[PDB]
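# Tertiary structure, described
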Amino acid sequence: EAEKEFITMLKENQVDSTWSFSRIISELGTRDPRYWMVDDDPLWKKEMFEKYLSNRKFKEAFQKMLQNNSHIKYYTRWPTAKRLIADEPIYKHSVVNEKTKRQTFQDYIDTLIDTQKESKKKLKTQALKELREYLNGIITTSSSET
């Protein structure tokens, strides 16, 4: 019962990864007495808090999940896109960690921004070229000569 409500109050107190267990004692100890309804086991509260932060080849799976998230963006920031990927199993792995997540994300953002800018530039350049090749398959005939 205690845990169930504790998870709910954690959402309601707007708690997430950007929180310490100081903010829990300071804000959750006052916002609603649920933190006191369940007796204070600071180690369980903090263990379960690690659950609330975590749950709330390895790198290839991470690179692949990044793309499979339907709203991922290469024109956005890590904290703004995190809500797309935190629930996904591939966000956790035996060798994955904060530093690995930053590297695989940065390489993904940099590669997908460049391929998109290049694809659009190429589309315009190719069509310009195809049109220009078309003028060179007929007699020249300058407009200036009437």
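Scroll up a little and you will see the structure.
The following refers to the structure shown. (Residues numbered from 1 in each chain as written, not as in the entry; some residues may be left out. Part of a larger assembly, values for the part shown. Heavy atoms only, no water. Residues with missing side-chain atoms left out of burial classes, pairs and counts.)

To continue, consider the overall build of the protein chain. Check the secondary structure of the protein chain and you find seven helices and zero strands. Helices (α) and strands (β) of the protein chain occur, in sequence order from the N terminus, as α-α-α-α-α-α-α. Expected size for 146 residues packed as a compact globule is a radius of gyration near 15 Å; at 27 Å, the protein chain overshoots this value by more than 25%. The dimensions of the protein chain, computed from C-alpha atoms along their principal axes, are 95 × 35 × 20 Å. (Helix = DSSP H or I, 4+ residues; strand = E, 2+ residues; numbered from the N terminus. Rg over C-alpha atoms; globule rule 2.2 N^0.38 Å.)

This paragraph deals with unusual backbone geometry. With a phi close to 60 degrees, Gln-14 is a non-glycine residue in the positive phi region. Topologically, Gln-14 is positioned in the loop between α1 (2-12) and α2 (21-31). The phi torsion at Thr-141 lies on the positive side, around 50 degrees, for a residue other than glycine. With respect to the helices and strands, the residue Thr-141 is situated in the segment after α7 (98-135).

This part takes up helix α4 (residues 42-54). With 13 residues, α4 should cover 18 Å at 1.5 Å per step; its first-to-last C-alpha distance of 18 Å lies within 8% of that length. A positive phi of about 70 degrees marks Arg-56, the residue just after α4. (Expected span 1.5 Å × (residues − 1).)

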